[PDB]
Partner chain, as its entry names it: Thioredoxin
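Have a look below at one chain only, the form solved without its partner chain, in structure tokens format.
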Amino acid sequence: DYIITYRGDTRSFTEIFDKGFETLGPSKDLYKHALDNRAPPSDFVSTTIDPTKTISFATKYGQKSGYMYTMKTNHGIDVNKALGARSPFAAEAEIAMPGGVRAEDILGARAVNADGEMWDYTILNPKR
């Protein structure tokens, strides 16, 4: 079943609509991802069910502007369901995307300013 999720990201939509979201390493271990996804670099792109959870990350804690991307996928792993009460940041409502997200699955990009204000206009991906 396909679901909509969201991701904060500072990269340009020109880059993201072209290349999609790629992962930084090959580890498929979800427990290790939750503990430290840099050690080893994990084969998941993090996304959330809740668009508001992207804002503090996209803005680097209110320091800069950034984008909230929307995507539609059917291969994500619900982290809270898989890890249970052990989920370390359960409030994030994380859907971890194994192997990343193809550009064709990205719906659009919506800017957010440092103060947390989402812009009125969402830039849609022509690949849809």
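Positions refer to the first chain, counted from 1.
Beyond the structure shown, there is the form solved in complex with its partner chain, which is absent from this document and is the topic of what follows.
- In the deposited complex, at least one heavy atom of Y121 sits within 4.5 Å of a heavy atom of its partner chain.
- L107 belongs to the set of residues with a heavy atom inside 4.5 Å of its partner chain in the deposited complex.
- For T70, a non-hydrogen atom is located within 4.5 Å of its partner chain in the deposited complex, even though that partner is not displayed.
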